[PDB]
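Next comes just one chain, in structure tokens: the form deposited in one PDB entry.
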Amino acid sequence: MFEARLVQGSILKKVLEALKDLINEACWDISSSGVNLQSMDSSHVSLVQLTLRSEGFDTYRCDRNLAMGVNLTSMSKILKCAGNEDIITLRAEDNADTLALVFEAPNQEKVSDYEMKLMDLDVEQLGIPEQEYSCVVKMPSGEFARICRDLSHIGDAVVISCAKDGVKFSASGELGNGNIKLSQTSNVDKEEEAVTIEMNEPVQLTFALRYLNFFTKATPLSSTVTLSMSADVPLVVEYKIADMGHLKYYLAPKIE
């Protein structure tokens, strides 16, 4: 018997919006720790890793570890029926082949309950070796979205440069090339609309803007984003979910 009550249902709506376009079907790992989801896209070029700690729920209960295969498209259609201010509740009984979703309007006038048919497929398990990244970049989420959107008009690949000074975004195409240089904000501070660089070794990596434009669909989750890189190592785009967990995207770089 698994039941999880989340007061801020907008979190769950945004999460499916951040996966629907990149992953069509994924497996949900439910346990005492919380919710975990790991899946690569069809091309095996990118991977998403969702973690929702149980402590971030109003109510949490899990009598048995569950492995739920879920059509993310179907689940987003259902979550579309939920209001941003609704209290969402996920429920999965022991001998039930379906997932129950209960949306509760704020003023208790309206109560919705859904039931998606659910599926199961043989999926492979991987691991992410938690290593030391040569350069960690923390920057506003909106700004990173604008950059990845803008350079998509110049070219289809982006070269991220790392140094102690700042981070550089470059792209080239038929019409020309462009360089977006973000300086290490040291005199601004104020809100977390700042840019901080923690650089060890200079990093120079190239990535596909198509996949990055799928990652920035997680922008509504967090005001900021962190990018982690190393020498010939997949990129880590991390979106923090408010004191509940995170949503990390992994993306493979290229070499000749």
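Only residues modelled in both forms are compared. Just count from 1 along the sequence shown to find any residue number. Between two forms, the rigid core is defined as the largest C-alpha subset superposing within 1.5 Å.
Chemist: Out of the other entries of this protein with residues modelled on both sides, is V188 skipped in at least a third?
Modeler: Affirmative; at least a third of those entries omit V188.
Chemist: Higher mean Cα B-factor in the deposited model: 114-122 or 78-86?
Modeler: Per the PDB entry, the higher value belongs to 114-122.
Chemist: Averaging the C-alpha B factors as listed in the entry, name the stretch that ends up higher: 182-190 or 99-107.
Modeler: Per the PDB record, 182-190.
Chemist: Between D156, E143, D150, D94, let me know which has the highest C-alpha B-factor in the entry?
Modeler: The record points to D94.
Chemist: So among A171, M139, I128, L72, who wins on Cα B-factor in the entry?
Modeler: Answer, based on the entry's C-alpha B-factors: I128.
Chemist: Lowest, middle or highest third: where is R61 by Cα B-factor in its chain?
Modeler: Tercile = middle for this residue's CA B-factor.
Chemist: Please rank the C-alpha B-factors of the chain's modelled residues and tell me whether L235 sits in the lowest, middle or highest third.
Modeler: For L235, the deposited C-alpha B-factor lands in the middle third.
Chemist: Please say which third, lowest, middle or highest, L37 falls into when its CA temperature factor is compared across its chain.
Modeler: Middle third of the chain for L37's C-alpha B-factor.
Chemist: Lowest, middle or highest third: where is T216 by C-alpha B factor in its chain?
Modeler: Answer is lowest: the recorded C-alpha B-factor places it there.
Chemist: For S46, does the deposited CA B-factor place it in the lowest, middle or highest third of the chain?
Modeler: Tercile = lowest for this residue's CA B-factor.
Unshown form deposited in another entry; subsequent notes refer to it.
Chemist: With the rigid core superposed, which of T98, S161, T185, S112 has its C-alpha shift by 2 Å or more between this form and the one not shown?
Modeler: Result of the comparison: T185.
Chemist: Does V45 move appreciably between this form and the one not shown, meaning a CA displacement of 2 Å or more on the superposed rigid core?
Modeler: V45 C-alpha, core-superposed: shift of less than 2 Å.
Chemist: Can we say the CA of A194 moves by at least 2 Å between this form and the one not shown when the core is superposed?
Modeler: It does shift by 2 Å or more.
Chemist: Only counting residues present in both forms, give the runs of 3 or more in a row whose C-alpha shift is 2 Å or more between this form and the one not shown, core aligned.
Modeler: Core-superposed, the runs shifting 2 Å or more come out as 94-96, 184-194.
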